[PDB]
Amino acid sequence: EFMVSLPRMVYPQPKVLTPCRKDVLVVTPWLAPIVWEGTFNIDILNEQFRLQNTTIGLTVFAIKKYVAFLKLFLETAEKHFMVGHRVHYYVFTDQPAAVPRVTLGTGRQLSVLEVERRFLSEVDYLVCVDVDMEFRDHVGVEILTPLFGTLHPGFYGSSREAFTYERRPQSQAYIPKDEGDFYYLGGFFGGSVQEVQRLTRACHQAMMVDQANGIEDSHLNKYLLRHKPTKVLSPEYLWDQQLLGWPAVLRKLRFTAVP
Ligand SMILES: [Hg+2]
Ligand SMILES: [Hg+2]
Ligand SMILES: [Hg+2]
Ligand SMILES: [Hg+2]
């Protein structure tokens, strides 16, 4: 919509002739930023997004024994996820009475949905994540954009032939050996409500087609190959320290597997 002017702000001048990071790619070939620590001034971004009164929805599915992960997930989200912005948590669960009573900061709310236009009217952006995880560092408005995916932490250095895309030509998820930008992992993705709904609709229809044909993150990866994300998140945003350690290229570990 219409955007008011930013206030005067004091911060270091960007350096045109100094690369931001010399160890990683910070922009895709379709000119989407790749979000790594060092690439963004969060003060500028926070102003931009607050001036739009941005609301973020955070969606998590917690079925069967996965309800046990909700307490740490929500407690740590309170510490690290979009602090200062309006947040609406949506917990989808088969056990509503097992959702823990977590204390929320001001301007934050939680809805329990037992297991669409509702999302369009309540939030600007949707962020869809796995519940068996914890936040350990800042995850903020730097991620927000019409459509984002996150690099699979196991594969960010891999050649595309090694990616575990669907390789059966009979599947709607098929990606040939000579195609592919990145291997995205579906544990952390999101976008505008409209773009997230477009993605999940496309996935659901392709999954139904495969099922009809007797075939069963492959669908996410096919979608993002054919509909390029407007930001890509580095593996800072979806990590497993037990399996992968803390490499020098990761300045922060923001959202991590629970051991
Ligand atoms: Hg930089
Ligand atoms: Hg979602
Ligand atoms: Hg899809
Ligand atoms: Hg999908």
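Listed values, structure above:
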quantity: Sequence of 86, 8 once ranked by neighbouring C-beta atoms within 10 Å, starting from the fewest; calculated: 8, 86
quantity: Rule-of-thumb Rg ratio for the chain [Cα; 2.2 N^0.38 Å; N residues]; calculated: 1.03
quantity: Relative packing of 217-227, 92-102, which averages over residues the other C-beta atoms within 10 Å, highest first; calculated: 217-227, 92-102
quantity: Helix-only CD estimate at 222 nm, as mean residue ellipticity for the chain, using -39500 (n - 2.57) per DSSP H run (n ≥ 4); calculated: -6500 deg cm²/dmol
quantity: Peptides ranked, highest mean first, by Cβ atoms within 10 Å: ranges 64-70, 164-170, 12-18; calculated: 64-70, 164-170, 12-18
quantity: Long pairs among 177/222; 15/228; 177/231, criterion Cα-Cα beyond 22 Å; calculated: 15/228; 177/231
quantity: Which of 125, 237 has the fewest Cβ neighbours within 10 Å, and the rest in rising order; calculated: 125, 237
quantity: Efficiency of FRET from Cβ geometry, residue 258 and residue 227, R₀ 41 Å, rounded to 0.05; calculated: 0.85
quantity: Unit charges at the beta carbon, dipole of region 1-62: most positive-side option, 24, 60, 5; calculated: 24
quantity: For a label point 7 Å along the Cα-to-beta-carbon line of residue 201, residues of region 117-152 with backbone N under 12 Å; calculated: 117
quantity: Sequence of 188, 49 once ranked by neighbouring C-beta atoms within 10 Å, starting from the fewest; calculated: 49, 188
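Where a number appears in this text, it was derived from the coordinates with a stated rule and is not lab data. Backbone-built Cβ (ideal geometry, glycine too); neighbour counts: all protein chains shown.
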